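Protein chains in written order, with the numbering used here: chain E, 22 to 65; chain Y, 320 to 710; chain W, 12 to 44; chain C, 20 to 115; chain P, 750 to 820; chain V, 272 to 391; chain S, 505 to 744; chain A, -5 to 69.
Ideal Cβ positions, reconstructed from N, Cα and C, are used throughout, including at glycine.
To start, the structure under review is shown below, and the notes come after it.
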Amino acid sequence: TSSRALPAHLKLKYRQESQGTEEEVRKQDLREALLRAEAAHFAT
Amino acid sequence: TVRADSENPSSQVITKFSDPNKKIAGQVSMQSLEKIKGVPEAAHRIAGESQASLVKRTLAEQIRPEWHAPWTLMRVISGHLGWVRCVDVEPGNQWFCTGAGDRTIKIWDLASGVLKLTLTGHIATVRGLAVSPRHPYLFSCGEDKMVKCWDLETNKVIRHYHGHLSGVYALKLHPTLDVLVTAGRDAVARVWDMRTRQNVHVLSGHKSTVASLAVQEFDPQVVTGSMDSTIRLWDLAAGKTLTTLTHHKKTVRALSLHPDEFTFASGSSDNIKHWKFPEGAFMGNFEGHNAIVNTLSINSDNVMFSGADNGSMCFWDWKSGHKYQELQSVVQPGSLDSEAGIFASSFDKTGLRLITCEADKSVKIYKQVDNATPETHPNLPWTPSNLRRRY
Amino acid sequence: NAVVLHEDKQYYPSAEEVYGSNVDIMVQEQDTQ
Amino acid sequence: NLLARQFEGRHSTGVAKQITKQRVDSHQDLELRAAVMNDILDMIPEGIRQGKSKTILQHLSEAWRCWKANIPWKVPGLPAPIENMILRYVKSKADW
Amino acid sequence: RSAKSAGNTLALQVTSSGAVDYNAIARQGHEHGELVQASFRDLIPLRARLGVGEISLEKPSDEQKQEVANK
Amino acid sequence: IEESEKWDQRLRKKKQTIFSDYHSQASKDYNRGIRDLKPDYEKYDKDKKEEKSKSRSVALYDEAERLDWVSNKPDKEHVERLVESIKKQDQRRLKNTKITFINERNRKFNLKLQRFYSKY
Amino acid sequence: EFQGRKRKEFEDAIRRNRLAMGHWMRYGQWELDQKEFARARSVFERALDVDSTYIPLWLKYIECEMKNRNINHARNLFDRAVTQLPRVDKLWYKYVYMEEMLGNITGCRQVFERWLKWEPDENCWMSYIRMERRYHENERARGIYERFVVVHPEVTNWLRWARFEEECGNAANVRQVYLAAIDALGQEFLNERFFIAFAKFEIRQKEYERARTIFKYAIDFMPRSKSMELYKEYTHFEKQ
Amino acid sequence: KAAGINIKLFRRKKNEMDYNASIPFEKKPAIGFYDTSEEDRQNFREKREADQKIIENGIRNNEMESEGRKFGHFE
């Protein structure tokens, strides 16, 4: 129909292994990581 | 007539002998009013049932509040050149993105507040961001009527979603399916397929701007609140509405889902109400925020935050519905007094830091006070059993 | 007694004067990536 | 497309029109007016004769014009919440 | 006698001993009349709805999630 | 004292009758209409006394599970008085409801301006 | 041709600004002047579809239905209106007034019961009391007073019940209602005016040992910080 | 029409629904607890005849005003 409605980007991209999937975020400990990062920023 | 005399005991034996402590302070003293004439066959049972209902209500409003510790300001990020309207946090809790009225999406580092790259490409104000937790994407929408899908692996727009007759005010992503839902000024919430950019469903039931949105996995999936002060619960399978929630008087500008409880809370200019989700059963009010609430966010440990249009910030005990802290937002130096306001807010993934996007061109980070000590940091006082709610 | 030149005039207090000393004030005008 | 339009019709209704560098201002004004209408509809309490939006919009336009011409714009009879909201939106427009 | 049902069925003696049930006008349509909220009990928090015991505030497990996802 | 008591009632009511909200306005209109009502005709007493005598089961005043109240079709006199009361009230409403300027609209605008700014 | 021309002009006027309720009201009026039914209802209910929360339109519709003596139609319309907006008392008041002044009181009694299910303000309960007392039938109005005081615990409602009780006629009943009122309000709600009213009732019953004893009880009950009016009434009784 | 007519009919344009064949959008009132029944079917004669008298009254009033032009010609 219209030029902009033609098929394009037909492959949906999913997060790969080291890109931060749900499995890793559930496995990771975000709290102590956040406090450590804040302390590292504070040290500057 | 002096048919009987000596009321000395009667004027005391009636008032005294009962429960000494007041139950609901309006108890009719069940045993004391049978003796009058009338219609005990019908009227008496109705009065008894109404008393049972009222005593249950007044006793069920008396949940002891918890402590939850107070919050404080820790960081003020001032980089935007317009009102900051939206905020979303990446699932790894490393960075967060905030669109604003200067047509730009700025991506900040959550821990340090350092500004990463600035994304441009919107004609008008950005109103909603959403970082996909299963794809490396970042969807955005603005008052310029088009929806964009930024590819975070290349930082370039790849997908465009076009069908919208006016500005788009909210955007949400289905947790399980690859489907996103947008709501805007054309009084229609539209359902988009991510891959094909097609508009599968047109959730058209409202009469005015759908100012709020919420999407989840169990039915009903899409929850839309509009300027009619009405909330609708849609089913995505058929694109129809299941329930309509008209309890609100003014437009409901904030919808938010509890992470762990299968209930949701909505806010408006008058009252904040939270509902049991499967059938939309009312579950109580959060009274005390006499302002135009814009945002609602629930922590993991049953803490609610409600930000107003005049900088009013109230923290609620989710279980007991008790507003345990009042905070007044203070503007950065260049602003006016009238410029105090809050447009968007979100707890981070852990829930220990709260990010607030103000009507002040500044982003503020709030952190619970670390020392704790409920003895030295008491909440707002709780005064039980004052009177039953009007409802 | 000193006069304040127009270019030297300040209308607003510093962010430190308005937010206290326990808040870090970030001014991210320019990009870092 | 030509033959479909020939044998079918315009199907003009229900189509969207992107903002194209000439409708930018006239669409930004529409969005601002809609936002101010929502704010008016909210801050006015219940049963206070809500039919007062147009006059506040006129006040907002006059305030914007006064800002452009550098005129104080003090309205004596205006209530405080309306005045504050108008000032806030005028400052937003001025910054843009 | 050829009148058919020219009018709505009269209110019902509901099973909760409620004498008369006027919710039939509100439930007229919507194709979901069981979920239409048209009574004063719907203004009362579920914490205090009298005839309620335990209300389960947890998500519908995982089997329900998979079924609704597939559908 | 009885005449003084009636004057007390008159003065009492006079100081409560001297627009606040639609909520109270509805009540005031309704109780005015009640003040203009003429109940207790020859019908009600006959209805109370006649079918009560043969009350084998259920009372004429019981409405917990009464059925007949659905089919109450009034008489001509009652509907007639309905129409006359409505017409009189409508006529009453239409009765009570009703050079700095170049046109009649400018005049109305100037009177509005006078109403708002003359204090200032 | 004249109705066609007026109809076309009004139809465009309402298609251009579909939110202008004045246009729909005027269209219904002009259509009603000759063809009194059917499409009048169509146009009006179309307007209600546009905005069903416009109470003036509902009232206008009711009045226009009642002008042409369609009673059962208007009763159905009220049922729809009251189940749609149960918390506006204008519709309820018009309904009860109409049903009451039709002569059908067996139906307005149940209508008032429906309204009372929503716990309205004291004005509605007082209207129900006045309704019932307009036809005596005080035997169930006493029960209705019981419902009023249980729903709305206030001293004023108890005084109202006592006044109704003394109007009907009894002595044990009135003082007995007062005893129920004292044991219901308790220490934290009973103000001096309640005992003043009880004392006045007792003086009008010409039983004075009772009155003096309730004065002593009231003296010792409330703190002497707030005892002025009760003391002066005590003086008036004892010296009188 | 005064002397001899060919029965002149007014002219309609080609793209209007004419608002004179049926109800322009044809919406019926919702049926409720109380049955209408007779309230309209007992008086279909009224639905036609109140209409009839209103037409006839309009015609009489127009005729009287038309002769009232001569009647009030000089006053």
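DSSP, read as helix, strand or coil, puts S/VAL554 in helix. At a cut-off of 7 Å between beta carbons, C/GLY33 makes no contact with chain V. Residue pairing from DSSP places Y/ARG509 in a beta bridge opposite Y/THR501 and Y/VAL521. When DSSP states are grouped into helix, strand and coil, S/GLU658 belongs to the coil group. If you check the CB distance, Y/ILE343 and Y/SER639 do not come in under 7 Å. Here the alpha carbons of W/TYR30 and S/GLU692 stand approximately 47 Å from one another. Residue contact check for V/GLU334 against chain S: a CB pair falls below 7 Å. In the DSSP assignment, the residues bridged to Y/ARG394 are Y/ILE684 and W/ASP35. Beta bridge pairing from DSSP links Y/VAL571 with Y/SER587. Residue environment analysis places S/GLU706 among the buried positions, since at least 16 neighbouring C-beta atoms fall within 10 angstroms of its C-beta. Here the region 508 to 516 of chain Y does not lie against the region 424 to 431 of chain Y, with fewer than 3 beta-carbon pairs under 8 Å apart.
Closer than 9 Å at the C-beta level to chain P, one finds these residues of the region 11 to 43 of chain A: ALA24, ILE25, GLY26, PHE27, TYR28, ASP29, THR30, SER31 and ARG35. The residues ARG509, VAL510, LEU555 and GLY558, in chain order, have a CB closer than 8 Å to that of Y/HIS520 in the same chain once the five nearest residues on each side in sequence are set aside.
Between Y/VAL529 and Y/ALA573, the beta carbon gap of about 13 Å keeps them out of contact (Cβ cut-off 8 Å). Bridge pairing for Y/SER459: Y/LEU448 and Y/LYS467 [DSSP]. Between A/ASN9 and the set S/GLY690, S/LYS512, S/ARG545 and S/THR717, the nearest pair of CA atoms involves S/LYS512. DSSP places W/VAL15 outside both helix and strand once states are collapsed to three, so it counts as coil.
Put simply, the backbone Cα of P/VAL769 is about 24 Å away from that of A/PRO23.
The C-beta of Y/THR543 comes no closer than 7 Å to any C-beta of chain P. Here Y/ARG394 is actually not in contact with W/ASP42; their C-beta atoms are around 19 Å apart, not less than 8 Å.
Under the three-state reduction of DSSP output, Y/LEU555 falls in the coil class, being neither helix nor strand. Only buried fits Y/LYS467, as 16 or more other CB atoms lie within 10 angstroms of its CB. The criterion of a C-beta distance shorter than 7 Å is satisfied by Y/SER369 and S/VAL654.
Annotation: the continuous alpha helix (DSSP H) that includes S/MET529 extends over 525 to 536. 7 Å or more divides the Cβ of S/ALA715 from the Cβ of S/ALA701.
Of all residues in the region 426 to 446 of chain Y, only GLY432, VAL433, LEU434, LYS435, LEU436 and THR437 come within less than 7 Å of chain W when Cβ atoms are compared, listed by chain position.
Neighbours of C/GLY28 in chain V, taken as residues at a C-beta separation under 8 Å, are lacking, since the least C-beta distance is about 44 Å. Annotation: the region 763 to 796 of chain P contains no complete segment of the beta strand (DSSP E) (minimum length 3 residues). For Y/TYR480, there is no enclosing alpha helix (DSSP H); the enclosing beta strand (DSSP E) covers residues 475 to 480. Chain order gives the chain V residues near P/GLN762 as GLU336, where near means a beta carbon separation below 8 Å. Spanning the alpha carbons of Y/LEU490 and Y/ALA449 requires a straight line of approximately 7 Å. The beta carbon of P/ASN772 is closer than 8 Å to those of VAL785, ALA787 and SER788 in its chain, skipping five residues each way along the sequence. For Y/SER348, same chain residues with a beta-carbon under 6 Å away, outside a window of 5 residues either side, are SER337 in chain order. Rounded to the nearest whole angstrom, the C-alpha separation of Y/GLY447 and Y/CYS460 is 5 Å.
Scanning chain S for C-beta atoms nearer than 9 Å to the C-beta of Y/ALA362 yields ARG644, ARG646, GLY647, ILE648, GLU650 and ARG651, reported in chain order.
When rounded, the separation of the alpha-carbon atoms in E/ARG57 and Y/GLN413 is 12 Å.
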